[PDB]
Each structure stands twice: as structure tokens, then as C-alpha cells.
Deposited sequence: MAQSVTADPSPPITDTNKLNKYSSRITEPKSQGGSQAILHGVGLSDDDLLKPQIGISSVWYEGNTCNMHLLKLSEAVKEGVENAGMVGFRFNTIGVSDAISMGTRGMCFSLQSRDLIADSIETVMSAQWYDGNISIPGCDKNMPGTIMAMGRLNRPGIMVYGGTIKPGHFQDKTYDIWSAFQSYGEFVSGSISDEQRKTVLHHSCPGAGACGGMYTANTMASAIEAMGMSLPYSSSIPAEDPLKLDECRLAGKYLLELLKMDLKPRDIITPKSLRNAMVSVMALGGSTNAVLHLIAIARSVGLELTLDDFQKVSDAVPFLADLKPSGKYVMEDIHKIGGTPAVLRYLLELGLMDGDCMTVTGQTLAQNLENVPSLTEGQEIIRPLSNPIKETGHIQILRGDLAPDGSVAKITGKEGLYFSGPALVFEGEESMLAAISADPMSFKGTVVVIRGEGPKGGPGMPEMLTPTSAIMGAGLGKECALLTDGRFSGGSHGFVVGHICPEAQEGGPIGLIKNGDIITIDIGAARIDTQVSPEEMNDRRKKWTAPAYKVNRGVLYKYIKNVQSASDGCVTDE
């Protein structure tokens, strides 16, 4: 599709295609005077200008180290004969905001980050970009900006956090999230609870397991938009700083080849990213982010594309949440390149795709050490953890425009039960606390948590933990138009579309309606007749929006459905 967003270069083989707009014409003397004031010499004006976009801030572990990484990227850009100009956008902490109304601001931060980087690159006429995200929503935001601008770019992942260790126990952020419920159930004492909180996050880096950040870092490496090993080198590893110092050398080569994001992000490399998500058991959130990335380069990517790749790619990796190990253990067995080399050898990946190294994926992977002999993290193709991928698309009566579930295969094939409907997370949690037994056998519906109804499509962790804490994990099902962070050991479906705020069938369910989930048929159905459902829709009125001003009201005005990746600029 013909994306029209950002300025075109003035009208070659020059390396400063964009910055020449302001450094060369005498009519841009004001621009050149500012550039002299910031320290550029006349000779520096002849060089390419690289925008170095970090997402540093001090109040989150995933982002507090990124200013140090940005300094290393700048040094490397200068060492490559170019001008490096650092800038920095916002981000938010999913781990801090989880459980609170601040989570309404998280998903849209991806789109704000994309707008932020697009704005600076366009106004300042930078020739290329190196982005340094370190947290969940940051990663896709930086790629989406690169796709809109279509200027040479590289994403340097800030790296994963290391697990915490204390007194021969290991902890991560998920240990800290689970601490409260374990204390309420009497599984741990208050003092043991406090010990978890002091040792779960030991330093810088993104949350430690195969959750959204590590899913997206790995997928973006598989897509060719990060250098080999970026996704698997830990945040505090000296090799991460070395990658930062090399990004300028690689970007220089991309400027010489004019190898741009829309030359790298293609239908085949989007498929390669999706293959990595299925093989590694990555997060359902990658559906939203990979759709948004595809749209940013003018391509199409639908829920059905995800179902087809899921069916074609087995789940192979024993990594948390589903499994035992964490990202740092992948690092020790050869890293993301070793994993992708195996998937390429199995024929699951397209090796001809160009990448930010200036060569193809197959050329990158030809030389990397293979998975360490004897490793038990990546299963052989003949003994997979699941025959197909975890990610499942469900439609049917109640999700006619789609929905997304993580299906391990241990939940069974079907669930049927009467609906128990809540207009938000708070009322569901109050009910399961006051009367957990009323939840046994039900299909729990938490609605009004979609892109517009939330607002902001918040991710919710407490409902699954509350259900497991009450002993109900395999005894009820959970449905939302929002997102769920965890599994329950039972059926858990998010992203239901249309959302309740938009008058989708989820907004018409009544307590007691019999809902049946059929994984084989890929349907979430209701025993209520289509005619009675249409009767309810004729009487339905959309509730008032929860905001009338500020960034979230703009989001309500702009956001597309979850099946459309919640893009905001169409």
C-alpha cells in the first residue's frame, strides 16, 4: 500500500540523502547555524546524521540503563564517520502499573513512541535511525516508526533482566506478582513475601521470561531488524555494550546499500518473526504488535495468517511461562541465532530475507554456533512440546471478528458453562473474593476492557491468579475484550472482537447464558438464539466513555479493533 507519512529526500548514491536538505542549501543557513551551535564543524555537515532514539527513564528496571547504552551507540556512530544525535522518548512500566488504572496507558504508549520517533526523524532530517528500546511496548513502537519513515534503521534491544537469586532460590517479576496471593492463601509468610519483593528484580533489563518483551525482541531479530544476538544478550552483559558500539558500523553499510526497513520487513520476514513466536511459545501480545508492524510498512497481516503459521510450526522451547528456563539460559546454549539456525535447518524459515547486517538471514546463520550439544531447552522436531503453536484464533457467535488464546493442549477440547458477566476487573475480583464457589463451572466474562472501553485495552493479571488461588483453574473459563497476562490452566481468551463498547456480542451476554468454547471448531458460541441476540442488540446503548480529555480520549477517537492490531493512524 502507498503509505504517505513523512518527508521525501530532496531530489542518488549519497549517504546523507535526508540531512542534505538542511546542510547543503544556502537557503537553510538557519539550520546550519543551529548545527554549528550544537558542535558540528563544516566538515561534519558533510556527514550522515543518525538519530539515536532511546527509551531511557529512571523509574523502571527495563529502561534505567538505556542512557548508558545510547552513549555507546553514539560513540560507535562517530567511530563510523557519521554524526550521532541522541534523543529520547517516553515509556511506561507494565510491571509497575499492573493491577492499577495506570495500565490503561500502557498499550497506547507503543503508538506514542512511534509518533515520537517519526516526529523527530522527520523534523530534523536525519538519514538513519538506531533505536534502543528496553521494555514491552517500546520495541514495536520503534519498528513502526522505522516502517513509516522507511529510512535505514537498526533496533538494539536493551536486553533481558537476569533472574534474582537469594539463599538458593530464584525469583523474577512473576514471583513478585504471585507473592500477595501466596501470602493470602497462607502458602508463604509475610516475611517470606517481603523477601521475594527484595530479590525479584536484581538489575536492569526487561522482564525475564518469554513474555512480551522477550517475545518481541526475538521476533524482531527473526524479522531481520536487529543484529544477531541482540534479543538474547542480557542487559547487563558486556557484549550488549559492544553491540551498541558496532551498530554505527552496520548502519553505515545500510546507508551505502540503501537497505531500508521496507526492504527488510516483507511478507516472508513477517512470517519468519511469526515462526519464532510459535516455536518459542511467545506472548499473544505479539499478534497486536506484529499486525501493527506489518501495517507500518504498508503490508497486510490478519488473524488467519497467525492461525496458519501456528498450525505449521510446533512449540519447541521449554521456557517460562509455559516452561522451565528463561532468556539467559537461551544465551548460554547459543542464543537466538542458534535457535533460528535450527528452525531454518528444519525448513520452517525463509533464509533469503535481507537483514540489518547487510546480508540474508541464512548468511547470518551459516557461521553461528549451533545449539549446544545435549541442550534440553529446544526440543527436537520429532518430540515437540506441542504439535502446533500455542496461539489460537477463535471466532464463533461471541467473537465473530476474532479473538486470541494461548492453548497449551492440557486444557481439553471443550468447555461449556453458564456466563458470569462483569463490567470490569474490579467487580470480578470483588465477586470471586466474596463468593468463590459461585464461579465453579462458569464462563467468566470480563467486558468493557477493550481498546475503547477500558480504555486502552489494559492487560489484567489478577483474574487468572484469583481463579487459581480459589482452586478453580480447570473449573471455569475466562473471556475478555481486553488482555490477560497469565494462564490459569484452563481456557483463557482475550482480544474478543468487536469489543463490548462497540456493541459486539460480548456486550450482549447475560448472566446464565450457556457459553461453549470449542477449540477444534475454533468457536466461542452461545446457546442464545441469533434472533434473541439481535433483539438484545436493538435495545443496546453504548456506555459513556470513561474519559473526555487527554491522551486516552485521543486513543478512543483513533484506535482500531484488536483484530486490526489496535493501530491508531488509519
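Novice: Going from the first residue of the deposited sequence to the last, where are the unmodelled runs?
Specialist: Coordinates drop out over 1-2, 14-15.
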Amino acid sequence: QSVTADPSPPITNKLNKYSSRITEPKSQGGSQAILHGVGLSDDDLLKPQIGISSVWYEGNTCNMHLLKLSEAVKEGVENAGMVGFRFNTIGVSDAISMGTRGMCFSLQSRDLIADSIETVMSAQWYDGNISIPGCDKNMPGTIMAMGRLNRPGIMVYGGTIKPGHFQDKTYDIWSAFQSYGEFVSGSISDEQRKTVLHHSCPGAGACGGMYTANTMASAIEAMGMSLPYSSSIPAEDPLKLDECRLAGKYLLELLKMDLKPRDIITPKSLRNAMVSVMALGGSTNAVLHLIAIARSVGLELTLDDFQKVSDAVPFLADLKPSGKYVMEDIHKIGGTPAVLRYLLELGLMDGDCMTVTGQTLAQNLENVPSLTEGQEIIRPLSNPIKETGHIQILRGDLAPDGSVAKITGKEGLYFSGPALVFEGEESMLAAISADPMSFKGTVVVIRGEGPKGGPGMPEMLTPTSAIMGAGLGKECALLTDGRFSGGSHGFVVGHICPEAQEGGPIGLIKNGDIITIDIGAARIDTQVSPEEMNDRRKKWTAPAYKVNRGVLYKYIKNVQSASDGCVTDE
From here on, numbers count along this sequence of modelled residues.
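Novice: Using only the Cα atoms and their B-factors as the entry lists them, report which of 285-293 and 158-166 averages higher.
Specialist: For C-alpha atoms only, the mean B-factor is higher in 158-166.
Novice: Is the mean CA B factor in the deposited entry higher across 215-223 or across 185-193?
Specialist: The deposited B-factors put 185-193 ahead on the C-alpha mean.
Novice: Which of these, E459, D127, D311, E71, has its C-alpha atom at the highest B-factor, as the entry lists it?
Specialist: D311 has the highest C-alpha B-factor of those listed.
Novice: Checking the record values for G412, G102, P451, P133, which has the greatest CA B factor?
Specialist: Highest C-alpha B-factor among the listed residues goes to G412.
Novice: How does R549 rank on Cα B-factor within its chain, lowest, middle or highest third?
Specialist: Bottom third by C-alpha B-factor.
Novice: Split the chain's modelled residues into thirds by Cα B-factor; is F85 in the lowest, middle or highest one?
Specialist: Its C-alpha B-factor belongs to the lowest third of this chain's values.
Novice: Going by the recorded CA B-factors, say which third of the chain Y229 sits in, lowest, middle or highest.
Specialist: Bottom third by C-alpha B-factor.
Novice: Would you check the entry's CA temperature factor for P543 and let me know if it's in the chain's lowest, middle or highest third?
Specialist: Highest third of the chain for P543's C-alpha B-factor.
Novice: How does the C-alpha B factor of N534 compare with the rest of the chain: lowest, middle or highest third?
Specialist: For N534, whose C-alpha B-factor we compare with every modelled residue in the chain, the answer is the highest third.
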